């Protein structure tokens, strides 16, 4: 006869409805001799001012996210509470044998969006006919306000059990393209059966089209995923992705293949996928020095189109069956994706790597630290010839990498050229999604700022037209893909 309690720590945005603050779970249904349950809670005046209404929600599901994020797959009743009240009661009959209770709120309109712009509440008492039950707290509540915050892909959406691997792209016309692994049966990588799914926004991420499967996987060893995105200088959209067996199961004669698809109408329609594995490695490769290589995949998220028009993604390539490590090469095209070539080797024992354009026209590459090498720090390299040749740049190091994909944006802050990098803070785990700012002139990283506390993994970022940052992250143990919008001052002033 015990209650367990979880405070909620997901972000919120103005005017959102029925946002959970804390939820509690009874160990058992109320007994037949129970007439009413009554829950007492604490809620600071600072939180009270930022909400317009409270509610007690009752459900037969114990959910991770806000109940409306499940688009009806969670069933609940909702009972309002005056914001000034600190207790509420409900009849056993109305609970109808259910065990999961949520204290939720409607978020007001005003906001300052600073680091201290947070919301919290705590359940202090759950009494059944005046008998307090033992209460155990597993997590506190702290919900930060952002300019935008929306779960774009939630486990269960459209009948897929899971979602992973976010990719985000803003077009020259302002269209937002969001893509992801639709991980149908569970959260594991290829060779599992996986689709590529998409949603679009034409209003800067205020609203999003219904999700559309654009590449359908056809069974185990026949799925697709790990999408990266660019817009070419001629204006076409380009996705690149892998499909087939797993990374370490690929071979020269039976590869996990690399594909590209293009769109000429802002992501509405896409060309039938085109196998470009033969430009890279394996049995159909024209370069005999790469015909015995085993595997290649481009880092999911975004590529980079250079000022010349050269299209680039970083591939991480397995050259030997005698080792489980990868080497980085830039995959590029100077003819709008018609043909593809590889740079010289950019990193030895690398992994998922990302590119960004330096103020002086050099290319900066950020390299995932796979295998807890060295000091468990993120790796960096530099190229001065548009990605053809590379050199390690230790002076950019200085942030921890638990072994996870992330992203870079070149931005101006207070007149000064800086790199914004997204990565889990950890330590040594995929936890607390954070961003850092690297100052070009001083060569020092900022202290991290945690955007989403809790389990956090892959992230992609884009610069919106008005300077806001779109931040697309893997939140939680069973992952939802979440689009968050903030400006730099919200995080760093």
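Positions refer to the first chain, counted from 1.
Student: Going by the mean C-alpha B-factor recorded in the entry, which is higher: 293 to 301 or 100 to 108?
Tutor: Result: 100 to 108.
Student: Which is higher in the entry, the mean Cα B factor of 76 to 84 or that of 248 to 256?
Tutor: Result: 76 to 84.
Student: Just grab whichever of 465, 457, 447, 451 has the top CA B-factor as deposited.
Tutor: In this record, 465 carries the highest C-alpha B-factor of the candidates.
Student: Going by the entry, which of 133, 353, 215, 276 has the most elevated CA B factor?
Tutor: By C-alpha B-factor in the record, 133 ranks first.
Student: Could you look up the Cα B-factor of residue 434 in the entry and say which third of the chain it sits in: lowest, middle or highest?
Tutor: Within its chain, residue 434 is a lowest-third residue by C-alpha B-factor, going by the deposited values.
Student: By its CA B factor, does residue 207 count among the lowest, middle or highest third of the modelled residues in the chain?
Tutor: Its C-alpha B-factor belongs to the highest third of this chain's values.
Student: Pull the Cα B-factor of residue 327 out of the PDB entry and bin it into the chain's lowest, middle or highest third.
Tutor: Tercile = lowest for this residue's CA B-factor.
Student: Once the chain's modelled residues are ordered by C-alpha B factor and cut into thirds, is residue 413 in the lowest, middle or highest one?
Tutor: Top third by C-alpha B-factor.
Student: For residue 390, does the deposited CA B-factor place it in the lowest, middle or highest third of the chain?
Tutor: For residue 390, the deposited C-alpha B-factor lands in the middle third.
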